[PDB]
Structure formats: structure tokens, C-alpha cells
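Chain by chain, the residues:
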Amino acid sequence: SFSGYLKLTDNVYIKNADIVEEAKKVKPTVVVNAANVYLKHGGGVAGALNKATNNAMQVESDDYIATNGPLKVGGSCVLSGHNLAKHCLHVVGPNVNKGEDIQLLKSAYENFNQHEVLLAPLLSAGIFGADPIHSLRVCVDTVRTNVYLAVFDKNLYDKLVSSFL
Ligand SMILES: CC(=O)c1ccc(OCC(=O)O)cc1
């Protein structure tokens, strides 16, 4: 079960951890992927989760895209969690480095509300280019279900906890 998390609010918890390693340990009902609209799991959280599934997540995702077309920025889809979780909720946060609308971060987090408990990264953080402090603020103000945030970077984790309002 979820261990070593710091409680931020009634429903938001945070831990300095590799989300892939957290997923293998807990095998949560839902692990959130920091997806793009094409479900191309190239780098960041997506690349790491996909690599831990031995590329099964990418093969499954390519079949999903062939059938359904791309996701919307702010949107999501539920696919298999493979060896990591029961399900993977692929959530598309805005990628500021791709010139996408940061104002869509709240819509992206609203997807978490369809799941009672989730293991997740901070949306639009890392290679998506948004301010992770702002992403945690939107998470806390949008997500009402139990979210266990895994922040990979130790210095970022400390900065997020120490600056949390
Ligand atoms: C050994 C094992 O149980 C295993 C499970 C899943 C693996 O990749 C993900 C998938 O195939 O969907 C690889 C290995």
C-alpha cells in the first residue's frame, strides 16, 4: 500500500519517488501517465512507464490511437496498467514547450476525479515545461479524490513541500 507520503491536504499526498518504482511496489488501481495527445511514450514519465511495461503500453496505445484518434489536450483515456497498475490513466496536460495552453491544466486534473485513488505525477511538470509549484496548486484545488503524487526530483520535492500554501 502507499507508504512514506506527506499529507498536503485531506486528499493530496506527496513523496519524493520514481513513479515507476512506486507503481511496481504498490501496483495501485490507477497509475497516471503524463501522456501527449498521440500517446507516444517517448520521454519523461511516459517513456519511463512504457519502458517498465517492455513497450506493451506503447503497442496498446498505438492500437488505441489507430481506433480512436488522438486525445485532446486536457483529456484522458483509461488503458491497461500492465505490470504496473490495474489501469493507466493517460492524462494529457498542456505542454508549454509545445506552445500549449497552460489554462488547460485544470481540465487535465479533472480527469483524476473519475478515480477514487490514483498514483500520479505532477501534470505538465518536467519536460512539459510548466511550473511544478503551479501544477501542485492546480492539483490541490481541482482533485477531490485521493491522489498520491510521486515527484522524482529531490530538490523539486523539497521546494514543493517547503513552498506549499
Ligand atoms: C514477467 C511478467 O509477469 C511480465 C509482465 C508484464 C510485462 O510487460 C507488460 C505487458 O506484457 O503487458 C513483462 C513481464
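As recorded in the entry header, the structure was determined using X-ray crystallography to a resolution of 1.1850 Å.

Enquirer: Could you clarify how one ought to interpret the environment of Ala46 in this entry?
Expert: Inspection of the secondary structure puts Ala46 in helix α2 (residues 44-52). When the C-alpha positions of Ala46 and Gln58 are compared, they lie 9.4 Å apart, and in sequence the two are 12 residues distant. Beyond its immediate sequence surroundings of up to four residues, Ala46 is in contact with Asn33, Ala34 and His41.

Enquirer: Please clarify how the site of the ligand should be interpreted in this entry.
Expert: Surrounding the ligand, one finds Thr53, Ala56, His82 and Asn83. Measuring from an oxygen atom of the ligand, one finds a backbone N or O atom of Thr53 at 3.1 Å. Note that an oxygen atom of the ligand is positioned 2.7 Å from one of the side-chain N or O atoms of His82. Grouping the amino acids of the shell around the ligand by side-chain chemistry returns one nonpolar, three polar and no charged.

Enquirer: Looking at this structure, how should I read the packing of aromatic side chains?
Expert: Two descriptors summarise a pair of aromatic rings, namely the distance from one centre to the other and the angle between the planes of the rings. All chains considered together, the criterion is met by five aromatic pairs. Measuring from ring centre to ring centre gives 5.0 Å for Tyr5 and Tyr148, while their planes differ by 90°; the resulting arrangement is edge-to-face. Of this pair, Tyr5 sits in the segment before β1 (6-7) while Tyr148 is found in strand β7 (residues 146-151), placing the two residues 143 residues apart along the sequence. Residue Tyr5 is classed as buried on the basis of its relative accessible area of 15%. Here the aromatic rings of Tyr13 and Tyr148 are separated by 4.7 Å at their centres, their planes lie at 10°, and the arrangement is stacked. In this pair, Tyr13 sits in strand β2 (residues 12-16) while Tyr148 sits in strand β7, placing the two residues 135 residues apart along the sequence. Take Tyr148: its relative accessible area is 15%, and that puts it in the buried class. Each residue in the set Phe2, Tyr5, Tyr13 and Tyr148 is aromatic and connected to the rest through ring pairs, giving one cluster.

Rules of the game
- Residues numbered from 1 in each chain as written, not as in the entry; some residues may be left out.
- Heavy atoms only, no water.
- Helix = DSSP H or I, 4+ residues; strand = E, 2+ residues; numbered from the N terminus.
- Contact = heavy atoms within 4.5 Å.
- Near = heavy atom within 4 Å.
- Polar contact = N/O pair within 3.5 Å; in protein donor to acceptor, adjacent residues only side chain to side chain.
- Nonpolar A, V, L, I, M, F, W, Y, C, P; charged D, E, K, R; others polar.
- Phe/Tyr/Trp six-rings, centres within 6.5 Å; stacked < 30°, edge-to-face > 60°.
- Buried < 20%, exposed > 50% of the residue type's maximum accessible area, 1.4 Å probe, protein only.

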